[PDB]
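Colleague: Pasting the sequence and an experimental structure:
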Amino acid sequence: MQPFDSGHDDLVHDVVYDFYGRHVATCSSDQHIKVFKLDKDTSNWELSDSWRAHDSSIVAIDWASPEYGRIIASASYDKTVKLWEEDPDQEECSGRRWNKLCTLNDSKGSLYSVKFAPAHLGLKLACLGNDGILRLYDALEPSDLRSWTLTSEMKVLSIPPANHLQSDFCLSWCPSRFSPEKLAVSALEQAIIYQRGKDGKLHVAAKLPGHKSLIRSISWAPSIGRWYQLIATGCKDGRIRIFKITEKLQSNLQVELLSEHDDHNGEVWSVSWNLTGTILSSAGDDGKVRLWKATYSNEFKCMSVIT
Amino acid sequence: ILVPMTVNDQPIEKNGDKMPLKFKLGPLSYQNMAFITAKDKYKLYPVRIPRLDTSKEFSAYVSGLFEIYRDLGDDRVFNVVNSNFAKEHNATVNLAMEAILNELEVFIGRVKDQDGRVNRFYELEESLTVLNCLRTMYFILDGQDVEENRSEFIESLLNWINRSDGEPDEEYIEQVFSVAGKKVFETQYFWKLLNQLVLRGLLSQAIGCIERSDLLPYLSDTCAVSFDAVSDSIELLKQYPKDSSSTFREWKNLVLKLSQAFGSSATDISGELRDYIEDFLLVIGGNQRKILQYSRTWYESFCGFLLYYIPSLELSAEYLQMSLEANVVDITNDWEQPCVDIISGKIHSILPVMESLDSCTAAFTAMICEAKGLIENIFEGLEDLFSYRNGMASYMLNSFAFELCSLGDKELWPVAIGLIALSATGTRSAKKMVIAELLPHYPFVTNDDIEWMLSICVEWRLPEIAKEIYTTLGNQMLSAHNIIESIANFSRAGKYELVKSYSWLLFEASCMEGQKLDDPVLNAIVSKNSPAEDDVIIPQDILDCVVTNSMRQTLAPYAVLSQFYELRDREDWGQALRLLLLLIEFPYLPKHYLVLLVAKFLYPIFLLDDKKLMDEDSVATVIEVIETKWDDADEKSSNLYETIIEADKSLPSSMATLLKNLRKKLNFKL
Amino acid sequence: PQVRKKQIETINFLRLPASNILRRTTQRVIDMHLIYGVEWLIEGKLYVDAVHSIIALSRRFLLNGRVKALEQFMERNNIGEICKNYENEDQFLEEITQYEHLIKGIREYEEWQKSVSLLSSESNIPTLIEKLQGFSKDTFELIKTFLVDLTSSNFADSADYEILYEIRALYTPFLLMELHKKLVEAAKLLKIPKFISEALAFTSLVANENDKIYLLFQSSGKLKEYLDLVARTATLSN
């Protein structure tokens, strides 16, 4: 392979795609969000917009639901979730293509991760860092997107000590709208599953069994082609525990744990998943990306060992 | 299955360094990106997934398979008339098996010519070598014996040679047949390489062990009666049946006749040569102890009992064992031990293994073996197909087409979503899922990007799925600033209330000066009469008609009425205003929307103010909310031309405001 | 013509320079037989005998009033001799064209009916009827003269004339009439939806002796159907 230049001089923290897959909002800590673009006659990825975003390191990034303008935000430790909107007369490669709309100061204390809620719930984002609270701001109006009406404040630890910026704050969503929102939200050594109530507040339906150590990634396996959900565990014990979360403080879920992997022999740091969730794409401290794939019985065996 | 993440800059290959290697699998999967979240590698590696490479030879391959399933219907189960309809539906499922593998021979006829990994083409050798033995054992016979279709026993027996080994290539008609140290041959290998290639069942390389070497320069020259019955030896290979096992029995008597016509006749030739002639003949009678010892591999011995002894399946229990008293079965590579698993029977525990020998081949293998019912399920009786509640068939088929969507592409959706609308089990539940879920990262600002999904809702038509698409792109467009095909997509969201708010305002609060322009949209201002030619109306009323078409009796009396925005006259833009107001908003978009359309010439001088004038065709043909409006219902928004007329420039009634000033000037004015 | 072609092969093996089987080779091979009986000229240096054998079988069975079975029989002959070979016809010349003209002038109304999906309320909402007026004018001001004997120097036949007379009659005033339907069901009255001449201007534009649409046209049977739509063009200004 050939490694494309990013222009960056500092770690790629995340890579997050849009639904086309043809743009990735790669953040570094060089204070630029250099959004790239796949030109499809080459494998190397070239610039779409080097705008300077936050003035604190963008430690995670998430593409937005780009309903009202094409939006990408990010949370950094400046305690903001700055939204950046593209009107389609804006131009590429120029430092201005995604332009400031809001500045979230409702949120207190340093932040570390926005995840946007799906576009069925409109322009709604969750946000969490050492704020210690999962705060679901909701910009209700389709024109006016700075109108951040709180829905649920759910305490994660009320204030995490600062040494938990070394902790992945893990946030993920089911994109199914034929169910109320589910999201595994990492509260420093568990991941408490905030399952919807009925009451205008979430409650902790379950908390991952067999984990006593920090959770270094949850990516929620889509609720495509399953009535149930799936997750896997990036986690610090050296393991993957692949809970098939069958549907059963309120609850409607029961934990099963089917396969248990461990051939990473050290910490698992990427759980990612296929867009529909077929492929358990698991990267660890073994230096080998181990793509795992279910065989008949719904049990993931390694399909390929990309050394 | 090894793929370098890189041949430059390497993150880790080793569990000595505990760095946090992170890999992100998106809606591409020929570029996924591999990096470290440490101060090492900010580099990002474009890295493919094996068996999920955007290619166009792939697009031909997966289209071919998908149309072969359409000939088998949505059918995937075995049926039981019923004394021949349990064989008939079997019979057509043989011939579609061979369509699958001959698509694959067209796709071996692609990827032999150029391969970028030689192991990517070796997956197509090895999964085809599993489904070479399958085709000999079951899928031409009706899941029965050899004697049902003997020639086509033999043709897949040749596929088992030509598509495991890359052969013919001359090297077995050259071995001691163009070069030990003879050129007229008494050697064992002049005749073992005749024996093994006949034991192969092949007859293109077996004739060259006859013809391009010694049959004449010693037999005919020595004697004419050691030549009259060596004549009979190859004659028995030629008058070998190829298309029946009835004649084969009379032929087995005729072998006992003229193989014994050389027993009786002269020998003026070497005892080496003679006994090699008999070794070829104990292939031909089908004797045990020469079907073993001149085979190059197990599937030549096992397939030499199966031809030239009793051509029936019964030389696979006790006699398969005699093919392990021939040659070993490979287990360093997995191609020959899955073949054994056919012969014993269990094609359901080797389908697992065919996933990493190319799942695209294995998915349609699973489809069609369930149509014979030789594969089992382990749980039967969430209707979804990534449970094993559903078929071994619909385990791999419609979970193949989900990862098509993630592959890179989404114009192989006519294929993919075409897959998941077919199967006995209801995968209409699934058709909701792949097409409801894309939310957190899709609905973009554009002109149009959802149009095509109505065609990804006739690969199955569910109407509930057919407006969900435009919900996730039919209020997403008010920053895109595209024109009337977006007012189209607002109505077609499903709603009459999203055209009561997003195209209502192009009739109310429309002003910011004297001219009534104020519209982000560009078909208000210069292209007002663009929807009035029925040229730009048509695209949107043929992708769900009636939900768009009715709302065009609102925004195409908007080329008549709305021309008063551009210039305000007493006639011409009073001709084309005081005309039709009473069908066009009285079942469609808001009913009394009329306060920054009809109103706004009331204060300007045309009309009574401190002096009696009267304005043409508005004297008594404006009569709704525009005259009387103290008793009459006005949808309120008249504040925007009671302090927004210092930018229009009226004076003589722009002072001392009344809404009953407007009620006076439209009463008396003569 | 496949079974019949092998029939010709057999009769050439049985000798003679001419057979009754070789007579019909530029006749047959009854609708299908005639049309598949002729195809035989593609190669150069003769195509001045082509239109003769066309009109000599086209007309032959035209008691079925079929002009719809001449939509590949007036185009079967190729001028090829580009590089692949390296009065006689004047009467009939226009008839070749006018066979196929009748279908097109049906289809010159109907295609506007399918290709609209908006209200036809005039104020320039449909503007896609202006060029179409000018097009559909030439089918009674189209200067050729439909389907008839036009001279008497070339070969003609009387049996084969009455089935020009009547086949002409069936369709030529329809194409004429669909021009006049657009006046009161497409609302295009001139080349703009204003002014009502071009129905009153058409009352002796239908009359021409350059296309000869006058002489076949009934004085009560087609003329009464024609004026009732003029009378509805007149009430767009009443």
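Modeller: Cool, got the structure. Numbers count the residues shown, from 1 in each chain, chains lettered A, B, ... in the order given.

Colleague: what helix or strand is the residue nearest to residue A:45 when sequence neighbours are not counted on?
Modeller: The spatial neighbour of residue A:45 that comes closest, neighbours along the chain excluded (Cβ to Cβ, 6 or more residues apart in numbering or on different chains), is residue A:36 at 4.1 Å. Just so you know, the C-beta spots here come from the backbone N, C-alpha and C atoms, and that holds for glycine as well. In the assignment (DSSP states H and E), residue A:36 maps to strand A:32-38.

Colleague: For that strand, output the C-alpha coordinates as PDB.
Modeller: Extracted C-alpha coordinates of strand A:32-38, given in PDB (Å, rounded to 0.1, in the frame of the first residue of the first chain):
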ATOM      1  CA  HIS A  32      -7.100  21.700  11.600                       C
ATOM      2  CA  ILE A  33     -10.000  19.300  10.600                       C
ATOM      3  CA  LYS A  34      -8.500  18.500   7.100                       C
ATOM      4  CA  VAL A  35     -11.600  16.800   5.500                       C
ATOM      5  CA  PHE A  36     -10.500  14.700   2.700                       C
ATOM      6  CA  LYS A  37     -12.100  13.600  -0.500                       C
ATOM      7  CA  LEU A  38     -11.800  10.400  -2.400                       C
END
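
Colleague: what does that strand contact?
Modeller: A:4, A:6-8, A:21-28, A:45-53, A:58, A:61, A:72, A:74, A:84, A:92, A:97-98, B:28, B:31 (Cβ atoms under 8 Å, 6 or more residues apart in numbering or on different chains).

Colleague: So is the helix or strand where residue A:303 lies next to chain B?
Modeller: Under the criterion of DSSP H and E, residue A:303 resides in strand A:299-306. Yes: contact of strand A:299-306 with chain B (Cβ under 8 Å from any Cβ of the partner chain) involves A:301, A:303-306.

Colleague: Quick check on the contacts of strand A:32-38: which are buried?
Modeller: Buried subset of these (neighbour count, 16 or more other Cβ atoms under 10 Å in any protein chain shown): A:4, A:6, A:8, A:21-28, A:45, A:47-51, A:53, A:58, A:61, A:72, A:74, A:84, A:97-98, B:28, B:31.

Colleague: So which of the residues you listed sit within strands?
Modeller: Cross-referencing the buried ones among the contacts of strand A:32-38 against strands under DSSP state E gives A:45, A:47-51, A:61, A:72, A:74, A:84.

Colleague: okay if I get those residues as a markdown table plus distance to residue B:320?
Modeller: Shown next, in a markdown table, are those (distance: Cβ to Cβ, whole Å):
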| residue | distance to residue B:320 |
| --- | --- |
| A:45 | 55 |
| A:47 | 63 |
| A:48 | 62 |
| A:49 | 66 |
| A:50 | 67 |
| A:51 | 70 |
| A:61 | 60 |
| A:72 | 63 |
| A:74 | 64 |
| A:84 | 68 |
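
Colleague: Kindly provide the distance from the residue lying closest to residue C:52 once chain neighbours are set aside to chain B.
Modeller: Distances taken as Cβ to Cβ, 6+ apart put residue C:89 closest to residue C:52, at 7.0 Å, once the chain neighbours are dropped. Using Cβ to the nearest Cβ, to the nearest Å, one gets 43 Å for the distance from residue C:89 to chain B.

Colleague: so residue C:89 touches residue C:155, yeah?
Modeller: No: Residue C:89 is not in contact with residue C:155 according to Cβ atoms under 8 Å; the separation is 10.3 Å.

Colleague: who's more crowded, these two?
Modeller: residue C:89 (16 against 11; other Cβ atoms under 10 Å in any protein chain shown).

Colleague: Identify each buried residue in stretch B:43-61, please.
Modeller: B:43-54, B:58, B:61.

Colleague: Also stretch B:319-335?
Modeller: Result for stretch B:319-335 [16+ other Cβ under 10 Å]: buried residues B:319-320, B:322-323, B:326-327, B:334-335.

Colleague: what's in contact with that stretch?
Modeller: Here stretch B:319-335 makes contact (Cβ under 8 Å, 6+ apart) with B:125-126, B:129-130, B:164, B:288, B:291-293, B:295-302, B:305, B:336-337, B:340, B:343, B:353, B:357.

Colleague: Now, these that are in helices?
Modeller: Among those, DSSP state H puts B:125-126, B:129-130, B:298-302, B:305, B:337, B:340, B:343, B:353 in helices.
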